[PDB]
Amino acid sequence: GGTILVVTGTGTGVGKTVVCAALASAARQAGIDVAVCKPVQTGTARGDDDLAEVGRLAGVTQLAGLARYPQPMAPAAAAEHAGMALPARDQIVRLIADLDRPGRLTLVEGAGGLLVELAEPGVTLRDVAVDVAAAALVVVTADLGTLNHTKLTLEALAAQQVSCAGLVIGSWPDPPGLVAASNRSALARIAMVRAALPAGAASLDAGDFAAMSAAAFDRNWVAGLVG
């Protein structure tokens, strides 16, 4: 195959979707074929469609979904409220394997935080990562509390020998402050910071977002993701 990254986060609302797009944009400008996969998607009744949002920001055309639930809740709860079921574990692993191919970077965006249940019983994006041999790229905040959440997420990753591809600060304010500045310095000592996307990056149009995305990541690190 190629390279699979799960793109997880320390929680909900931390910037998982916009970072997928940014890494997707950067990887294409590095000449890499990129597929983005969103196995579990909630909040459709509110118009949430993260895959569509990646295409809008990054120009990604290779989008694969699977499960879609109306309520903006945890997948288990959105499914329970719809009278529907969670996908099966192998349904997810298969969705990913069908995208996986040599030379292609396949990003798998989760729902919420790393330990959210995606399939019954208690199957998480961590389990999905073990099954498809993926590494985890962790999206974090710069806000008070992020060091603890980040450290917890990493230890959950090392518990099942799922490699950590690094952190991305989803939203980085300009100028920062003492708490943000301190958290960034501390995040850099726990793990590699691959990017810190400027606040409002989700509101950039196609060309500006691609420029921002190329500047955000180290080109050599992006290029080094796939042989």
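One rule holds for the numbers: they count along the sequence shown, beginning at 1. The term rigid core refers to the most C-alpha atoms you can superpose between the two forms while keeping them within 1.5 Å.
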| query | finding |
| --- | --- |
| Segment of greater CA departure in 8 other deposited structures of this protein, 144-152 or 113-121, core superposed | 113-121 |
| Average Cα temperature factor in the PDB entry - higher stretch of 107-115, 77-85 | 77-85 |
| Higher-B stretch (mean Cα B-factor, as the entry records it), 29-37 or 159-167 | 29-37 |
| Highest-ranked of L66, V193, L178, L51 once sorted by CA temperature factor in the record | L178 |
| Cα B factor band for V132 (lowest, middle or highest third within the chain) | middle |
| Chain thirds of CA B-factor: placement of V19 | middle |
| Third of the chain's Cα B-factor distribution that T44 belongs to, per the entry | middle |
| Chain-wide C-alpha B factor ranking for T10, given as lowest, middle or highest third | lowest |
| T150, C-alpha B-factor rank within chain (lowest, middle or highest third) | lowest |
